[PDB]
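In what follows, a single structure is set out as structure tokens and then discussed.
A short reminder: the numbers here are calculations on the coordinates, not readings from a lab. Cβ atoms come from the backbone with ideal geometry, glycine included; neighbour counts cover every protein chain shown.
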Amino acid sequence: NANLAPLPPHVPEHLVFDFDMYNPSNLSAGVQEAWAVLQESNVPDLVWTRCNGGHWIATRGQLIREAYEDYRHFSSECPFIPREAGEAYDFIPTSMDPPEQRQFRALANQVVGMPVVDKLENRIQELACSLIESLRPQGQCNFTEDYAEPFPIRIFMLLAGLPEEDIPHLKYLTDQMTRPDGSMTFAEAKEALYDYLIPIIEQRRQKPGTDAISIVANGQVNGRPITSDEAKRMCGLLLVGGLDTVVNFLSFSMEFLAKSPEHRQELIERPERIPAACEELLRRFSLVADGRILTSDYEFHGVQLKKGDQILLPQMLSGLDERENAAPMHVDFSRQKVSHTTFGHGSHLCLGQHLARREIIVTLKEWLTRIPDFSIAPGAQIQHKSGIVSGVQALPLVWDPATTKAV
Ligand code: HEM
Ligand SMILES: CC1(C)[C@@H]2CC[C@@]1(C)C(=O)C2
Ligand SMILES: [K+]
């Protein structure tokens, strides 16, 4: 086929497995299931796909974890497939390796870390309760538009001190960086995102505020003042993490819960299991997959990797590996050792994961106590979409208002 880059001389023929991360063949069975074909019998630990310009894929948690730990061989400098995307990608601190990475990571951790989440608690609680109550007596909703998008996005826009009317523009930009529809390259989307931030960063360096953008723009890295460019590159990433992560994960969880009455009942009768259920859903419905670039020629697990070779290291795949979790496709809220790399692994561990867990846990509690019984709209065929971050196209839900409660 014409979508397959010619196999490089140095890549073994028997290791070819043409997986397409933006449109995987088994997509209709579910996106996690679609990626899981990389872990079927007779598929190697490390394969090469000729799709998307050609790149390596580590298919098992063992290799995914090791590579993320080895930044000297596997650089974050070019972290996105395809190559053109990875080269344009200059977000901070993600496009940097240690030692230079760390000083910027401490600054970002200040604006979205645990202490910030704690002071955001009550507004997060209120917004969820507000959205769910307004939806409740209607007996139906389009969950992606009606909750999964505005709940975490409005929360981030509050944190960042940005107007909610900007959401449609910014959301479109982030989605082109993760699941491009074709209208925009990563380079064009990033430049437009930077174009948005530039005058906001300048004005908030003259009149500082208490919002995340003011804090980054006026911050210091290892004792020296952060530049305008640096702040722009850091803020841009924060918008991506805030607009296209939790949004997608909530839909996966709620799609599951609508199709599994036994599981809803388990959390209704025992609400104190909601944190544990959150982690299991985080495992079973993992959704992010980026990677690294080789700094030099390097033999990795019997395979010869050449300098400049890209390797996808799918965070999603680790927890779905039966070698980390028995019956990985089954959801067990009582699962004893929930193993995953959903928030990443190595020096680039997710800084927003504490914000993410709170948003997930609150949604679960506040939805189940108000709308305990619900399901998918009759006849609805749920479509998923695949990319750097995967998601749900639409999730139509129905319920009987009489079965609901007000808290
Ligand atoms: C379900 C929720 C989320 C998931 C599964 C997730 C996933 C990930 C992954 C896999 C990475 C590492 C990427 C790599 O190693 O190249 C990462 C890093 C990062 N995330 Fe999250 N993310 C989530 C939510 C959020 C939120 C809400 C924010 C809010 C700002 C955020 C901000 C960041 C930042 C700034 C980094 C960069 C860390 C670094 O490069 O050192 N994320 N995330
Ligand atoms: C891969 C990510 C999920 C992580 C946070 C947002 C994201 C798209 C970034 O590029 C780093
Ligand atoms: K780059």
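Any residue in region 64-88 that's touching a residue at least 40 places away in the same chain (Cβ under 8 Å) and within 10 Å of ligand 3 (Cβ to nearest atom): show its pairings with residues that are of a type in the set (A, V, I, L, M) and part of a loop (DSSP other than H, G, I, E, B) at Cβ separation under 8 Å, as long as the two are six or more apart or on different chains.
Close Cβ pairs satisfying both conditions: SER76/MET96; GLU77/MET96; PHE80/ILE388.
Residue by residue, here is whether (1) within 15 Å of ligand 2 (Cβ to nearest atom); (2) surrounded by fewer than 23 Cβ atoms within 10 Å (Cβ to Cβ); (3) assigned to a helix (DSSP H, G or I); (4) not hydrophobic (A, V, I, L, M, F, W, C) holds:
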site: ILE200; (1), (2), (3), (4): no, yes, yes, no
site: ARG204; (1), (2), (3), (4): no, yes, yes, yes
site: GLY209; (1), (2), (3), (4): no, yes, no, yes
site: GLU230; (1), (2), (3), (4): no, yes, yes, yes
site: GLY242; (1), (2), (3), (4): yes, no, yes, yes
site: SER251; (1), (2), (3), (4): no, no, yes, yes
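Mind counting the residues in region 96-137 that are within 16 Å of ligand 3 (Cβ to nearest atom) and free of Cβ contacts under 8 Å to residues at least 24 places away in the same chain?
Within region 96-137, residues that are within 16 Å of ligand 3 (Cβ to nearest atom) and free of Cβ contacts under 8 Å to residues at least 24 places away in the same chain number 2.
Tell me, yes or no, whether region 218-225 has at least one residue that is surrounded by 14 or more Cβ atoms within 10 Å (Cβ to Cβ) and under 19 Å from the mean Cα position of the chain (by Cα).
The answer is no, given that none of the residues of region 218-225 is surrounded by 14 or more Cβ atoms within 10 Å (Cβ to Cβ) and under 19 Å from the mean Cα position of the chain (by Cα).
Name the one entry in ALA380, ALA394 that is surrounded by fewer than 22 Cβ atoms within 10 Å (Cβ to Cβ) and either farther than 30 Å from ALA160 by Cα or within 16 Å of ligand 1 (Cβ to nearest atom) (or both).
Sole residue among the options that is surrounded by fewer than 22 Cβ atoms within 10 Å (Cβ to Cβ) and either farther than 30 Å from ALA160 by Cα or within 16 Å of ligand 1 (Cβ to nearest atom) (or both): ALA380.
Yes/no matrix, rows are residues, columns are (1) under 18 Å from the mean Cα position of the chain (by Cα); (2) assigned to a loop (DSSP other than H, G, I, E, B); (3) basic (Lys, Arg):
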| position | (1), (2), (3) |
| --- | --- |
| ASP18 | no, yes, no |
| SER28 | no, no, no |
| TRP35 | yes, no, no |
| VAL47 | no, no, no |
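Can you tell me how many residues in region 237-275 are touching a residue at least 40 places away in the same chain (Cβ under 8 Å), more than 10 Å from ligand 1 (Cβ to nearest atom) and more than 21 Å from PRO396 (Cα to Cα)?
7
With the requirement that a residue be in a loop (DSSP other than H, G, I, E, B) and basic (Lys, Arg), what does region 270-323 give you?
Passing the criteria: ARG270, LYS306, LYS307, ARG323.
Is there a residue in region 89-101 that is surrounded by fewer than 21 Cβ atoms within 10 Å (Cβ to Cβ), farther than 30 Å from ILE293 by Cβ and more than 16 Å from ligand 2 (Cβ to nearest atom)?
Scanning region 89-101 turns up no residue that is surrounded by fewer than 21 Cβ atoms within 10 Å (Cβ to Cβ), farther than 30 Å from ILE293 by Cβ and more than 16 Å from ligand 2 (Cβ to nearest atom).
Restricting attention to region 260-269, does a residue exist that is away from ligand 2 (no atom under 16 Å from the Cβ), touching an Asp or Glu at 6+ places or on another chain (Cβ under 8 Å) and closer than 30 Å to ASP70 by Cα?
Within region 260-269, none of the residues are away from ligand 2 (no atom under 16 Å from the Cβ), touching an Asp or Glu at 6+ places or on another chain (Cβ under 8 Å) and closer than 30 Å to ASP70 by Cα.
Sort out which residues of region 124-149 are within 16 Å of ligand 1 (Cβ to nearest atom) and under 16 Å from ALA356 (Cβ atoms), and write them in order of number.
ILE124, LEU127, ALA128, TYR147, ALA148, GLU149
Mind listing just one residue for me: the one in region 373-407 that is among the hydrophobic types (A, V, I, L, M, F, W, C) and closer than 23 Å to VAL240 by Cα and, of those, nearest to the chain's Cα centre (by Cα)?
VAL389
Considering (1) away from ligand 1 (no atom under 11 Å from the Cβ); (2) within 19 Å of the chain's Cα centre (by Cα); (3) not in a helix (DSSP H, G or I), say which one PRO99 fails and leave the rest.
With (1) away from ligand 1 (no atom under 11 Å from the Cβ); (2) within 19 Å of the chain's Cα centre (by Cα); (3) not in a helix (DSSP H, G or I) applied to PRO99, the lone miss is (2).
Can you tell me which residues in region 31-57 are buried (at least 17 other Cβ atoms within 10 Å of the Cβ) and over 19 Å from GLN310 (Cβ atoms)?
Of everything in region 31-57, those that are buried (at least 17 other Cβ atoms within 10 Å of the Cβ) and over 19 Å from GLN310 (Cβ atoms) turn out to be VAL31, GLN32, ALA34, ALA36, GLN39.
Determine whether region 172-183 contains at least one residue that is in a helix (DSSP H, G or I), out of contact with any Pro (no Cβ under 7 Å at 6 or more places or on another chain), charged (D, E, K, R) and buried (at least 16 other Cβ atoms within 10 Å of the Cβ).
yes
Under 8 Å by Cβ, and 6 or more places apart or on different chains, what pairs join a residue from region 284-297 that is within 13 Å of ligand 3 (Cβ to nearest atom) with one that is part of a helix (DSSP H, G or I)?
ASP290/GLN315; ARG292/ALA67; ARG292/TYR68; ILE293/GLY86
Surrounded by fewer than 19 Cβ atoms within 10 Å (Cβ to Cβ) and within 26 Å of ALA2 (Cβ to Cβ): is that true of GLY86 in this structure?
So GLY86 does not fit the description; no.
Would you confirm, using the coordinates I've provided, whether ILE92 is out of contact with any strand residue (DSSP E or B) (no Cβ under 8 Å at 6 or more places or on another chain) and either among the aliphatic types (A, V, I, L, M) or within 16 Å of ligand 3 (Cβ to nearest atom) (or both)?
So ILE92 passes the test.
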